[PDB]
Amino acid sequence: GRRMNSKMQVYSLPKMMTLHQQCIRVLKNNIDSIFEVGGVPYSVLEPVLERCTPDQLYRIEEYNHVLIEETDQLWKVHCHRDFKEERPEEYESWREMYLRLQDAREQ
Amino acid sequence: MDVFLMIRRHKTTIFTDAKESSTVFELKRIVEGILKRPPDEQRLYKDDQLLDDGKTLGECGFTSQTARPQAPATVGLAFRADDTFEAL
Amino acid sequence: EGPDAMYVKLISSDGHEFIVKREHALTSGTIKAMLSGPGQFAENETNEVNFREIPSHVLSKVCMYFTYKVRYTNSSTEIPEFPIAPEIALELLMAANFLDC
Amino acid sequence: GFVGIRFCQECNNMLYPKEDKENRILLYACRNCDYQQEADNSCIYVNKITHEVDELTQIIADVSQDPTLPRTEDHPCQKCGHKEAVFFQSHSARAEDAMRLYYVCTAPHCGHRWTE
Ligand SMILES: [Zn+2]
Ligand SMILES: [Zn+2]
Numbered sequence: 553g554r555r556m557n558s559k560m561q562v563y564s571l572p573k574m575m576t577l578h579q580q581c582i583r584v585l586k587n588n589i590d591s592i593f594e595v596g597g598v599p600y601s602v603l604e605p606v607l608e609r610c611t612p613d614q615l616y617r618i619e620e621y622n623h624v625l626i627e628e629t630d631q632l633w634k635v636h637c638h639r640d641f642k643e644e645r646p647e648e649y650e651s652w653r654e655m656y657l658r659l660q661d662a663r664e665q
Numbered sequence: 001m002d003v004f005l006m007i008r009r010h011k012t013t014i015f016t017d018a019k020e021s022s023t024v025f026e027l028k029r030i031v032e033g034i035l036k037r038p039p040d041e042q043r044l045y046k047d048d049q050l051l052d053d054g055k056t057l058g059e060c061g062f063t064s065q066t067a068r069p070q071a072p073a074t075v076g077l078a079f080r081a082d083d084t085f086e087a088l
Numbered sequence: 012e013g014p015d016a017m018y019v020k021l022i023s024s025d026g027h028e029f030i031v032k033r034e035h036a037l038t039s040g041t042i043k044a045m046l047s048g049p050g051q052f053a054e055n056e057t058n059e060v061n062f063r064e065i066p067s068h069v070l071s072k073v074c075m076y077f078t079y080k081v082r083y084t085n086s087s088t089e090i091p092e093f094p095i096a097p098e099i100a101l102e103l104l105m106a107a108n109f110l111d112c
Numbered sequence: 010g011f012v013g014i015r016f017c018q019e020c021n022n023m024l025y026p027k028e029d030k031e032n033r034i035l036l037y038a039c040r041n042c043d044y045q046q047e048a049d050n051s052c053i054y055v056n057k058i059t060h061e062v063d064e065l066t067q068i069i070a071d072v073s074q075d076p077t078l079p080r081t082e083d084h085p086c087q088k089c090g091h092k093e094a095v096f097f098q099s100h101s102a103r104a105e106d107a108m109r110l111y112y113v114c115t116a117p118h119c120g121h122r123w124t125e
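Residue numbers (PDB author numbering), protein chains in the order written: chain M, 553 to 564, 571 to 665; chain Q, 1 to 88; chain O, 12 to 112; chain I, 10 to 125.
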């Protein structure tokens, strides 16, 4: 007495994915499962960090502290995505002003 | 189609690419021709199901999922006939 | 490992080293700069890659992916992917630095 | 294509086409006041009958955030190259004749929409 039950989103991964492409796309499907990358620079970690959310960036930056100075440009990627009507004043990195704006908004 | 068997001695590991039908000491002659392992230097520890004594690849225990491009069949080896059984 | 230019041995300064086919290592961008150094004609036959700090399962998977991709390069099959574990893929991103693939 | 309305500047109202035979040209002459204005384009009335090939201006990019819209990974963006896209159909009466998928890039700030 089993019930057959399944659905399908009709249409119309056929892609030559090499090593770096496979690694970045695996990370692009399991972003949130990273504890600490070790000593990886920003340039190789460029794409997956672009497809990422600021809570995950906060978790990474509090686990991988030494990377924050090379993440700040990406924070402008968040800033013009979320606080587009703003510009930082002098001596303002984007990460700390982004967190200041988030804390001010939730308060 | 292909064959994929981990010929793993600890500290020394050989790879396999061939078809779905092959003699088992043909692989020993292949690794002998380069890595210099004479036929004294093979013992062939057991696979998942009953490693073959009839000396052909198309038999019991060997299927098309063992020879997977995605995944290997990892097992230890021994480079002896009967003298010692050496791991690490 | 020997004089014949069809097997290339490679070591990650650990126990379980791995020797992979040179014809299955063609897509490497660093095999044209390390094995093919200042000159061809018996630099490639040495097959002594004394690299460091790569875990055993990690370089096993990257050389499997080498032979996997080269056999799947220009082949009849075009769909498939490869199952790298999410933890080890982290250090396999380090491999994305060195193997140049 | 379609030519827009013309608005009077004095009394803030609509203009109307007229043909002045003195210069034998076309002027947009308001008829609440005495304001006149020569016309850059001679096209006055224009109609589209089978010229409904462009459904893309009616699509807004915001539909990338709809949880009910179907997402696919087999149609990557041309602008930014993102894997994720959302696909749907054009739902007008003037699109009952077609079941063409229209795709919108799922990634933020891209907004690229395409067909096929
Ligand atoms: Zn007027
Ligand atoms: Zn896009």
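For every residue, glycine included, the Cβ atom is placed at its ideal position computed from N, Cα and C.
Nearest-angstrom Cα separation, counted from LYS27 (chain I) out to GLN46 (chain I)
Looking at the two C-alpha atoms, the distance is approximately 10 Å.
Quiz item: Mapping DSSP to helix, strand and coil, what is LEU70 (chain O)?
Solution: Under the three-state reduction of DSSP, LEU70 (chain O) is assigned to helix.
- Query: Would the C-beta of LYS92 (chain I) count as close to ligand 2, meaning under 6 Å from any of its heavy atoms?
  - Reply: No, ligand 2 has no heavy atom inside 6 Å of this Cβ.
* Asked: So with Cβ pairs under 7 Å, would you call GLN561 (chain M) a contact of chain I?
  -> Put simply, the CB of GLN561 (chain M) is near chain I, with a gap under 7 Å to one of its CB atoms.
For this session: Measure the Cβ-Cβ separation of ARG103 (chain I) and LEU65 (chain I) and say whether it is below 7 Å.
Result: Cβ atoms of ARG103 (chain I) and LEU65 (chain I): not closer than 7 Å.
Fill in: Residues with C-beta closer than 6 Å to any heavy atom of ligand 1, in chain order
Cβ-based neighbours of ligand 1 within the cut-off: I:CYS17, I:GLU19, I:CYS20, I:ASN22, I:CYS39, I:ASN41, I:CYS42 and I:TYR44.
Identified DSSP bridge partners for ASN61 (chain O): Bridge pairing for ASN61 (chain O): O:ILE22 [DSSP].
Notebook entry, point to check: What first and last residue would you give for the alpha helix (DSSP H) that runs through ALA107 (chain O)?
Noted result: Counting along the chain, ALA107 (chain O) sits inside the alpha helix (DSSP H) bounded by residues 97–109.
What residues of chain M sit near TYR76 (chain O), judged by a beta carbon separation below 8 Å?
Chain M residues near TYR76 (chain O): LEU577 and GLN580.
ask   = How about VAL31 (chain O): is its C-beta nearer than 7 Å to some C-beta of chain Q?
value = So, interface residue.
task: Give the DSSP-derived three-state secondary structure of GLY58 (chain Q) in the structure shown.
output: Looking at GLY58 (chain Q) - three-state DSSP - the assignment turns out to be coil, as it is neither helix nor strand.
*Going along the chain, which residues of the segment 588–607 of chain M sit with their C-beta nearer than 8 Å to a C-beta in chain O?*
Across the segment 588–607 of chain M, CB contacts with chain O closer than 8 Å involve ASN588, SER591, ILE592, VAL595, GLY596, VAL598, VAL602 and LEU603, in sequence order along the chain.
request  = Count the other C-beta atoms from every protein chain shown that fall within 10 angstroms of the C-beta of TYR656 (chain M), then say buried if there are 16 or more, exposed otherwise.
outcome  = Around the beta carbon of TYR656 (chain M), 16 or more other beta carbons sit within 10 angstroms, so the residue counts as buried.
Going along the chain, which residues of its own chain have a beta-carbon closer than 7 Å to the beta-carbon of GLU61 (chain I), five neighbours each way excluded?
-> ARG103, listed in sequence order.
_Below 6 Å, is the gap between the Cβ of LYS88 (chain I) and the nearest heavy atom of ligand 2?_
Indeed, a heavy atom of ligand 2 lies less than 6 Å from the Cβ.
task: For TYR76 (chain O), I'd like the list of residues in its chain whose CB is within less than 6 Å of its CB, leaving aside the five on either flank, ordered along the chain.
output: By the criterion of a C-beta distance shorter than 6 Å, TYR76 (chain O) is surrounded in its chain by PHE93, once the five residues flanking it on both sides are discounted.
Provide the residue(s) that pair with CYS86 (chain I) in DSSP beta bridges, ordered along the chain.
Paired residue(s): none; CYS86 (chain I) is not in a bridge.
Using a Cβ cut-off of 7 Å (strictly closer), state whether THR63 (chain Q) contacts chain O.
-> No, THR63 (chain Q) does not count as interfacial toward chain O.
Margin query: Does chain O have any CB closer than 7 Å to the CB of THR13 (chain Q)?
Written below: True, the Cβ-Cβ gap to chain O drops below 7 Å.
Extent of the continuous alpha helix (DSSP H) to which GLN49 (chain Q) belongs: Where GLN49 (chain Q) is concerned, there is no enclosing alpha helix (DSSP H), given that its DSSP letter is neither H nor E.
Applying a beta-carbon distance threshold of less than 9 Å, which residues of chain O neighbour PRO72 (chain Q)?
Correct list: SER71 and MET75.
Determine which residues of the segment 630–664 of chain M have a Cβ less than 7 Å from any Cβ of chain I, and write them out in chain order. Going along the segment 630–664 of chain M in chain order, one finds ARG639 with a Cβ nearer than 7 Å to chain I.
Item to complete: Anything in the segment 88–106 of chain O with a Cβ closer than 8 Å to a Cβ of chain Q? List those residues in chain order, please.
Response: Taking 8 Å as the Cβ-Cβ cut-off against chain Q, the residues of the segment 88–106 of chain O that qualify are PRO91, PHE93 and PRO94.
**Message:** Pull the bridge partners of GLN98 (chain I) from the DSSP assignment, please.
**Reply:** Here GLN98 (chain I) is bridged, per DSSP, to I:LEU110.
- Just the Cα atoms here: how many angstroms apart are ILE589 (chain M) and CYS610 (chain M)? Going by C-alpha positions, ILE589 (chain M) is about 7 Å away from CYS610 (chain M).
Margin query: For ligand 2, I want to know if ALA116 (chain I) counts as a neighbour, meaning its beta carbon is within less than 6 Å of at least one of the ligand's heavy atoms.
Written below: Flag set: Cβ of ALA116 (chain I) near ligand 2.
Check: In chain order, what residues of the segment 29–62 of chain Q put their CB closer than 9 Å to some CB of chain O?
Finding: Those residues of the segment 29–62 of chain Q that come within reach of chain O (Cβ to Cβ, closer than 9 Å) are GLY33, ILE34, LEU35 and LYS36.
Is the CB-CB distance between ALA70 (chain I) and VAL113 (chain I) below 7 Å? Taking 7 Å as the Cβ cut-off, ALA70 (chain I) and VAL113 (chain I) qualify as a contacting pair.
- Query: Can you name, in chain order, every residue of its own chain whose Cβ lies under 7 Å from the Cβ of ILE42 (chain O), other than the five neighbours on each side?
  - Reply: Excluding positions up to five away in sequence, the list reads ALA36.
Legend entry - Reduced DSSP category for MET75 (chain O) - H, G, I as helix; E, B as strand; rest coil: DSSP places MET75 (chain O) in helix when its eight states are reduced to three.
Practice task
Give a yes or no on whether the minimum CB-CB distance between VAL584 (chain M) and chain O is below 7 Å.
Solution key: So, interface residue.
### Message
Below 8 Å on the Cβ atoms is my contact criterion, and I expect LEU603 (chain M) with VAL595 (chain M) to pass it. Report the Cβ-Cβ distance as a whole number of Å.
### Response
Separation of the CB atoms of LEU603 (chain M) and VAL595 (chain M) is rounded to 7 Å, and the pair is thereby assigned contact status at 8 Å.
Consult DSSP for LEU46 (chain O) and reduce its assignment to one of helix, strand or coil. Here DSSP, grouped into helix, strand and coil, assigns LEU46 (chain O) to helix.
Taking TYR44 (chain I) as the reference, which of I:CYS119, I:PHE97, I:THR59 and I:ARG15 has the closest Cα?
Nearest option by C-alpha distance: I:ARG15.
Task: Reduced DSSP secondary structure (H/G/I, E/B, other) of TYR37 (chain I) - done: In the structure shown, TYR37 (chain I) sits in a strand (DSSP, three-state: E or B).
Would you say the beta carbon of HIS121 (chain I) comes nearer than 6 Å to a heavy atom of ligand 2?
-> Answer for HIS121 (chain I): yes, Cβ within range of ligand 2.
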